[PDB]
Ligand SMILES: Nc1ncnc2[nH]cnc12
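Presented below, as structure tokens, is a lone chain in the form solved without the named molecule.
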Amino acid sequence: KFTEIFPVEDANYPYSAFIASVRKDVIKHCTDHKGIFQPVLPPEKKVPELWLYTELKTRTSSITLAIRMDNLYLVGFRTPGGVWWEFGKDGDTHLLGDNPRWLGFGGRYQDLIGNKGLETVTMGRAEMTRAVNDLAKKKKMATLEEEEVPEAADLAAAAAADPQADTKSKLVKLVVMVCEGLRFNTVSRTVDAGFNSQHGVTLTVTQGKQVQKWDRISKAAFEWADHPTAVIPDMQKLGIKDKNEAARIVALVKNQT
């Protein structure tokens, strides 16, 4: 519904700038709840009602990300050839229009990276450049070549069971840098700090666990609006005690209403 553009490879355009710019356009569609420091996103619906489109470009290629405004999560992406790829599998219901194709897997961190924590997702500008260039070529196929050389049965079977391992990998790097970067200022701070480092940057185990509990800390955000002194198990479980620390972690909360 509204576009953002990020020139990945442009070293002079800081990641923090893109975040600050995109959050400002998103907050335009948010509400101010008393007792809740962070802006409250639009209420969730079965059919995403406002869409954030972020176009990530390199010097070579580019892709557009289709993000729901209500929960700030990726639904699919568009290639340069105009093919939309959506999270899901045959049998599901497409949220994207324009002849979208099913990726075959879902957007859960665990459709994506199994049971390995978010701390295993290496991020950075170079990491984002390769992900876009890679996904800009998302192919429909692997007919490819066990005729090249079973008796690599080991290779042959890995390819057969996890064909889009590469895609899942590139996708979960953008999900954390963009979606999660927008939701959590703890992630945007960490991703921006090491965005141009030569060996990439990652989020700590603890950060990953909080990131995965966005809904929960969003609920607490609302609970602390009513009772700001309340202690929250699910929160202290995560290394968060009070709305004050929570304000150093989440930037935008999920609307409970």
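Residues that one form lacks are left out of the comparison. Between two forms, the rigid core is the largest collection of C-alphas that superpose within 1.5 Å. Note that residue numbering begins at 1 and tracks the sequence as displayed.
- Coordinates are lacking for 4 to 9 deposited residues between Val149 and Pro150.
- The stretch 224-232 shows the higher mean C-alpha B-factor when 224-232 is compared against 48-56 in the entry.
- Remark: stretch with higher mean C-alpha B factor among 16-24 and 238-246 is 238-246.
- For the set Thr186, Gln110, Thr129, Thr122, the PDB entry puts the maximum C-alpha B factor at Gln110.
- The entry assigns its greatest Cα B factor, within the set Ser169, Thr143, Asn99, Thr79, to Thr143.
- Among all modelled residues in its chain, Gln210 ranks in the middle third by Cα B-factor.
- Among the modelled residues of the chain, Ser62 sits in the lowest third by CA temperature factor in this PDB entry.
- In this PDB entry, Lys173 carries a Cα temperature factor that places it within the lowest third of its chain's modelled residues.
- Per the PDB record, residue ranking by Cα B-factor puts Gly200 in the middle third of the chain.
- For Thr31, the recorded CA temperature factor ranks within the highest third of the chain's modelled residues.
Below, we turn to the form deposited with the named molecule bound, even though it does not appear here.
- Shown here without its ligand, the chain is overlaid with the named molecule as it sits in the deposited complex; no ligand atom lies within 2.4 Å of a backbone or C-beta atom, and the site is open.
- Under a 4.5 angstroms non-hydrogen atom cutoff, the named molecule in the deposited complex lacks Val187 among its neighbouring residues.
- Contact between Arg108 and the named molecule in the deposited complex is found at the 4.5 Å heavy atom cutoff.
- Although the partner is absent here, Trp85 lies well away from the named molecule in the deposited complex, with no heavy atom inside 4.5 Å.
- The shortest heavy atom separation between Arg183 and the named molecule in the deposited complex is within 4.5 Å.
- Listed stretches are 131-139, 174-182, 77-85, 96-104; the contact stretch with the named molecule in the deposited complex is 174-182, by a heavy atom cutoff of 4.5 Å.
- Taken over residues common to both forms, the rigid core alignment between the shown form and the other one yields 1-4 as the one run of three or more consecutive residues whose Cα atoms shift by 2 Å or more.
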